[PDB]
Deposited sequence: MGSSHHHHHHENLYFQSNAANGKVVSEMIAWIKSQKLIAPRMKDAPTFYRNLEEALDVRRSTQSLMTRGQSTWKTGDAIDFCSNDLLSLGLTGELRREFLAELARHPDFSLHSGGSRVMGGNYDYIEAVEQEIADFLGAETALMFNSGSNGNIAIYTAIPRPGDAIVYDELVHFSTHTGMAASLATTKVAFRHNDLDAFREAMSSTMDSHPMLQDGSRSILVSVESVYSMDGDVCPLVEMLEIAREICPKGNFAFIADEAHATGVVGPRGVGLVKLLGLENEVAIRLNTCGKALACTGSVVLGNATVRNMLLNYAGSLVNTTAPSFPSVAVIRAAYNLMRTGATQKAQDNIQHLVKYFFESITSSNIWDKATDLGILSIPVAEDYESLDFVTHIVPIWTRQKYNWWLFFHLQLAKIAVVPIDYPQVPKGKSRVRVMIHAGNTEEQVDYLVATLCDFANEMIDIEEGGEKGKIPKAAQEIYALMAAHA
C-alpha cells in the first residue's frame, strides 16, 4: 500500500533523534534538537505526499488546477515552443540588468502583459520571489502597508524587509475592518494626510487557505473615500486566480475591469499554469523600480530559455482558448461538490464538520477550486487520516497557521463527478463516526485506530 507505506515513513520520521545525539558535534546536535521540536508535535515534514500523482489516491490535493500537467498538454506545447526555436540560447549569461537580458524574455513578458491587460511584465523565478521583490523594492520611507491578515508567507517576509514605516493587518476580507485600518492609518501620518506618501494595499485575489475572493471593487471605493488625494496603490497577488478566474483565465483583476486601478499585480505559474515562475505586472515606473531596487533580482542569474518557453507555453494555451473548457470544468465540479455535501447539517450544527465556502454558494457569481474543510482541532489529523486511508489525497493545513488547523481539498478540471461522490460519501462516513463517538473521550475513530496501530507497530 503506497498510502500506508508513506504513513510508516511519516511515522518513523517523527521519532526523536537527539537522545541518540550525545556524542555528536554541537552543530548537528542543535539541528536535530530543533528538528525534535517539530517531531514532538509530530509536525515534521520530510517527503510529503506523492500518491496523488502515481494514481494510488484520488487527487483532491494538488495545485494542478487545470490538469495541464496530468494531461501532458502543457508539456506538448512546451516541447513544440522549443522546436520552433531550434538554435535557442539556453543560458541567460548573468543578471537581468548586468548582461543577462535578451529579446525573447522581454517579448514573452510583453506578450503576457498584453494578455493580462497590463503595460509591462517582469519575470521572476517564483511567486514568492516576486512578492519578496515587490515589498523590498516598492515601498518608500513614510509609506504605510495595509494588508489582509491572510496574505502569503512571502508577502510577510517581504514587508519585514521593507522601508515602510507602518504596516497594519486587517480582518480577513472584512470591508469594515479595511475601512477602519485605512482611516486610522490616514489619521496617524501627516505625510499621508497631505498626500506626499502612499498607502499600499496588499490583497490576494483568491486566498490560498480559505478559497474566498477579494471584494476588490468595494475596497477600491473605500480607498478613494479615505484617500481623496489618490495617494494609495493596490498590490494584488493572483497566484490562485490565473487560469481559474476570469475569461480565458485572465484573473480577477482583469475580469473586474480593474487593470488600470491596480498598481501592481502578481501572477504566478505554480498552480493552474502547471510549471514555475511568476510575473509582476505594472507600468514602466514599477518595472524600473524592481530592476533597480529588488536586490534579489539584481544579484541572481536571469532565467534560462526553457524556463521562459514553458511559461510562454502556458500563456499560449490560455490565449488560444485551450484552457477554457478545463476552466469551466473546475466551476462545474466545485459546484457539484457543494450541491452534494450540503444535501446530505447536524455535524455542522455541532461543530464536527464545516465548509465555510459552501455557505450561500448559490449566490456566488463563481466559485474557486479551494475547499477548506474544518473539523474540531482535536479531530483534524483523524479527518486527514480518514480521507487518506480512503485513498483520497488532501493537504493537511497546520507551522503554516496558528488551533487553526484544517484540511484543504483542491478540485481540479481532471477530477470526475464519481470521485466527488466518493469524497462526499467518505466525508459523511467520517462525520457520522464522530457524532457517534461524541454522543467516551478515549474512543478513537476507525482510521486513527489503524494509524495508532502502525505507530505502535513501528
- [ ] Numbering from 1, run down the deposited sequence and write out every stretch that has no C-alpha in the structure.
- [x] 1 to 21, 366 to 368, 423, 428, 466 to 467, 487
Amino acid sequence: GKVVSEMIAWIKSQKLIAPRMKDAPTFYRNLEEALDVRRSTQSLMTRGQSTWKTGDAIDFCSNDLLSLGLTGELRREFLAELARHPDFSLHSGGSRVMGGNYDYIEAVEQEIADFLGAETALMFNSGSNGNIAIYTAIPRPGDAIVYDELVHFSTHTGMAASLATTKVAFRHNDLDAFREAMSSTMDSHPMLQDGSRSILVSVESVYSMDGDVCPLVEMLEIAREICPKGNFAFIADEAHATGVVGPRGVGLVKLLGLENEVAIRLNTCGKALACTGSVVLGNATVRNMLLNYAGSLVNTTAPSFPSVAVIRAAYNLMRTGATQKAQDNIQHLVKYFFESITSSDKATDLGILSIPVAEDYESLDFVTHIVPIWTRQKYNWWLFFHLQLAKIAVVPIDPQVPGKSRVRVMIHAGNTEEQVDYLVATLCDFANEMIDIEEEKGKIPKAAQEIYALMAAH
From here on, numbers count along this sequence of modelled residues.
Open item on the list: Mean Cα B factor from the PDB record: higher for 131 to 139, or higher for 177 to 185?
Closed with: 177 to 185
Open item on the list: Tell me which stretch, 260 to 268 or 370 to 378, has the higher mean Cα B-factor listed in the entry.
Closed with: 370 to 378
Task: Selection from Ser304, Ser196, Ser354, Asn101 [criterion: highest C-alpha temperature factor in the record] - done: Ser354
Open item on the list: If I read the C-alpha B-factors straight from the PDB entry, which of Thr46, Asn63, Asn415, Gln400 is highest?
Closed with: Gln400
Task: Chain third (lowest, middle, highest) by recorded CA B-factor, residue given as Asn283 - done: lowest
- [ ] Quick one: classify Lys254 as lowest, middle or highest third of the chain based on its Cα B-factor.
- [x] lowest
Open item on the list: How does the C-alpha B factor of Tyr361 compare with the rest of the chain: lowest, middle or highest third?
Closed with: highest
TODO: Select lowest, middle or highest to describe the third in which the CA B-factor of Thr276 falls within its chain in this entry.
DONE: lowest
Open item on the list: Quick check on the deposited entry: does the C-alpha B-factor of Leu350 sit in the lowest, middle or highest third of its chain?
Closed with: highest
